[PDB]
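Protein chains in written order, with the working numbering: chain A, 249 to 296; chain B, 7 to 59.
Here it is as structure tokens:
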């Protein structure tokens, strides 16, 4: 019951600036582990 | 575990071959093939265990 007409010209998808620089530059290798915990080790390496 | 993945097109734009893939499918859609051991992998291992025991 409305006789007015309309036309859509353009639509834009706003977004915020997001670039993962820190995990791009430094964290380069991925290790999927199926176990429960994860171990990392450090060896002193000071020999007289 | 692998750490770098590279893309290699199968065929060059000129029509020459750049990557070769060979296998025999059985069903309609099969992306990658399966070895011939699936029928007897289990019996082989159990035979090995029986022999050693």
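Note that CB positions come from ideal geometry on N, CA and C, so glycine has one too.
Query raised in the report: In chain B, which residues lie with their C-beta within 7 angstroms of the C-beta of residue 277 of chain A?
Result: 9
Requested in this report: Would you mind working out which of B/59, B/9 and B/58 sits nearest residue 275 of chain A, comparing C-alpha positions?
Outcome: B/9
Query - Rounded straight-line distance, which links the Cα of residue 38 of chain B to that of residue 270 of chain A - result: 36 angstroms
Query raised in the report: Are the beta-carbon atoms belonging to residue 29 of chain B and residue 14 of chain B less than 8 angstroms from one another?
Result: no
Requested in this report: Could you spell out where the alpha helix (DSSP H) holding residue 270 of chain A opens and where it closes?
Outcome: 269-273
Query raised in the report: Over what stretch of residues does the alpha helix (DSSP H) that includes residue 48 of chain B continue unbroken?
Result: 47-58
Query raised in the report: Residues bridged to residue 17 of chain B by DSSP?
Result: B/23
Query raised in the report: What is the DSSP secondary structure of residue 266 of chain A, counted as helix, strand or coil?
Result: coil
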